Amino acid sequence: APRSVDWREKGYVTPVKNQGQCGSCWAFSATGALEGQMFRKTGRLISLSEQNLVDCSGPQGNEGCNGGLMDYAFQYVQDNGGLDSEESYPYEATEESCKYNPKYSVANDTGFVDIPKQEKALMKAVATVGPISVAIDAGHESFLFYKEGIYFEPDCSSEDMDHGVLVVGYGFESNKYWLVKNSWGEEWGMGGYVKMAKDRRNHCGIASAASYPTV
């Protein structure tokens, strides 16, 4: 696989978003993966509605602002038969009744693939599929106060991930890292991005729960 990869270069990624005071990170991770897979297929980048996921994916197992899984979001898009655009179904940072309107659906998927729990497999996936949804252990002050450089939390766990994010690529400095897009606005870390330690024994478990949708 390449030494470096960055799907932002090819137009697979939308600007950094902000979930606010709502545990909907799983929705932003899912939309990010979907926006990337829809782009690969149609060549068109459309921001997808996280709110649509927050209000309607309860049957798949999600819990609005209290938590969820990226795979449940993909399953929803599949069972629902569509997903509305970010512009048609604006983010409200709070759970409301489902208002999905198929007239504004702009994305879809026929399932999803869960990558094997190895950084080596995550690397191949990132290089051949595009942006990948992953869960990270962000359970530390350090992640939260992150500003720049390669993030490495001596106390990270590769078992208790609690934050869903997006891997847009990977590379090395002149030392390896995963290029990660967060959903905490661009005033956090590097304009909303973070370079997670790569090939350091699955640091914070980036490759423990990685997956993407098949559109």
# chains A, B, ... in the order shown; residues from 1 in each chain; ligands from 1
>>> residues_around(residues="residue A:159", least_positions_apart="3", cutoff="10 Å", atoms="only C-alpha atoms", output="list in words")
residues 136, 137, 156, 162, 202, 203, 204, 205, 206, 208 and 209 of chain A
>>> closest_residue(among="A:102, A:68, A:23, A:15", to="residue A:193", atoms="only C-alpha atoms")
A:15
>>> residues_around(residues="residue A:40", least_positions_apart="5", cutoff="12 Å", atoms="only C-alpha atoms", output="PyMOL selection string")
chain A and resi 7+10-13+33-35+45-46+128-131+213-215
>>> atom_distance(atom1="atom CA of residue A:1", atom2="atom CA of residue A:195")
18.9 Å
>>> residues_around(residues="stretch 170-175 of chain A", least_positions_apart="3", cutoff="7 Å", atoms="only C-alpha atoms", output="PyMOL selection string")
chain A and resi 3-6+178-179
>>> write_last_selection(atoms="N, CA and C atoms", output="mmCIF file, in the first residue's frame")
data_model
loop_
_atom_site.group_PDB
_atom_site.id
_atom_site.type_symbol
_atom_site.label_atom_id
_atom_site.label_comp_id
_atom_site.auth_asym_id
_atom_site.auth_seq_id
_atom_site.Cartn_x
_atom_site.Cartn_y
_atom_site.Cartn_z
ATOM 1 N N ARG A 3 2.666 4.863 0.857
ATOM 2 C CA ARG A 3 3.314 5.306 2.085
ATOM 3 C C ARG A 3 2.413 6.362 2.718
ATOM 4 N N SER A 4 1.686 7.082 1.869
ATOM 5 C CA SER A 4 0.790 8.137 2.320
ATOM 6 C C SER A 4 -0.508 8.168 1.519
ATOM 7 N N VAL A 5 -1.587 8.581 2.178
ATOM 8 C CA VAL A 5 -2.896 8.679 1.544
ATOM 9 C C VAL A 5 -3.698 9.802 2.192
ATOM 10 N N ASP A 6 -4.440 10.538 1.377
ATOM 11 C CA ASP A 6 -5.247 11.633 1.884
ATOM 12 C C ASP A 6 -6.394 11.876 0.904
ATOM 13 N N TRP A 178 -2.394 8.370 11.560
ATOM 14 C CA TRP A 178 -3.642 8.226 10.835
ATOM 15 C C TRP A 178 -4.179 9.651 10.778
ATOM 16 N N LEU A 179 -4.642 10.083 9.611
ATOM 17 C CA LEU A 179 -5.198 11.422 9.474
ATOM 18 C C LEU A 179 -6.652 11.260 9.881
#
